[PDB]
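Below you'll find only one chain, the form deposited in one PDB entry, shown as structure tokens.
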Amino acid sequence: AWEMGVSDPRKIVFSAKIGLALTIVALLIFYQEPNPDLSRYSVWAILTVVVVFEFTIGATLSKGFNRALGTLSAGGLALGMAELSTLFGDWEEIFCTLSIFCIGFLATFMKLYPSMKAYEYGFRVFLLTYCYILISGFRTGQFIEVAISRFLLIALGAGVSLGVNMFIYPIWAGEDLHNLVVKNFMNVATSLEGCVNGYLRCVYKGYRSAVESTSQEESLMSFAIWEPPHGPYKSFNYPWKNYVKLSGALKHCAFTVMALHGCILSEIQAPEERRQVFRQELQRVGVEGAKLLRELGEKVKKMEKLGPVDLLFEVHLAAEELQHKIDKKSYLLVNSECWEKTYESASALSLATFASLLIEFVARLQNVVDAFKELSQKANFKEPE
């Protein structure tokens, strides 16, 4: 709807590009095509623009390379079999049908594999080009004319699809990984405070996005290694994998926020009066952790190094004060009368469970800090100063 466009004008630009490219093709065929032969197979160029035009440059480049490899191999095999069939005269069809059967079975078995999956389009292109080349030419003997004619009419369509995408308003794939890495930190920082406030009162997406985005970052890293140097990224081998390593380090910490949110939604709960004895320490720990995560996200957004001061001092001190307070009032968690109702005991122990989970969350931050240091060192970030 209009709202979606206004919010994301980029998509409108992509649609405009698609339309300008199809218009260019259509005009080049409506006017500048005097040769009659092309007319016979001139509807082959305006159908290579609707399949190779992708959102990013890297995706377009890699998928086009795969499709061209598939098409070339299929054409070569088809022509070879066509030439070899003539040996057995009067039995041509009884050979070409067995060939189409063996090749359909093979090109259908290898795709169903998990390793070779995620590359179906190439197998489909191979099977379609083999069937087309075998059936089309047949006895007429034009097994090579058709091939070179169509390859050379597809090439023009793919060139017109690539030039317009690359030279109007490029949408690079290496900046979406940077922006998703930036966004995850803020999502987790919001989730932690949301959970703490929800537990202390008288989130969902925040941790799902961090815990459920590895595949998107792996696809964006597969597309980002194909793009040439541009803008802030000038090295010839940008360490795109340290972003994934930092994302994993952050997901390992977000699993504890997921466990705390699941602790909020439990069947057995504790009396509010008991929870209101530890409010200050929990709120301090939550504020400190949110501040640390937001500072790390801000330093990742601006491509800057860490300063001299230690960032984990205050959160460590807050967690130590929390531990001291828990140690001072431990008589509200266990039953001291008997020492040699189940619901009451579970309610008593749910508070120690919550505190232990918060302490584990505070203890899992050093790995994220180390991963950030490694990324800022291999990626040549600038001095904060």
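Basically, rigid core = biggest C-alpha set you can superpose within 1.5 Å across the two forms. Each residue number is its position in the shown sequence, starting from 1.
Omitted here: the form deposited in another entry. The next part is about that form.
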Let me spell it out: fit the two forms on their rigid core, measure each listed C-alpha, and pick the one of 186, 211, 77, 146 that moves 2 Å or more between this form and the one not shown. Which is it?
146
Using a rigid core superposition, assess whether residue 43 undergoes a CA shift of 2 Å or more between this form and the one not shown.
yes
Rigid core fit then residue 33 CA moved by 2 Å or more between this form and the one not shown
yes
Superpose the two forms on their rigid core, then report whether the C-alpha of residue 248 is displaced by 2 angstroms or more between this form and the one not shown.
no
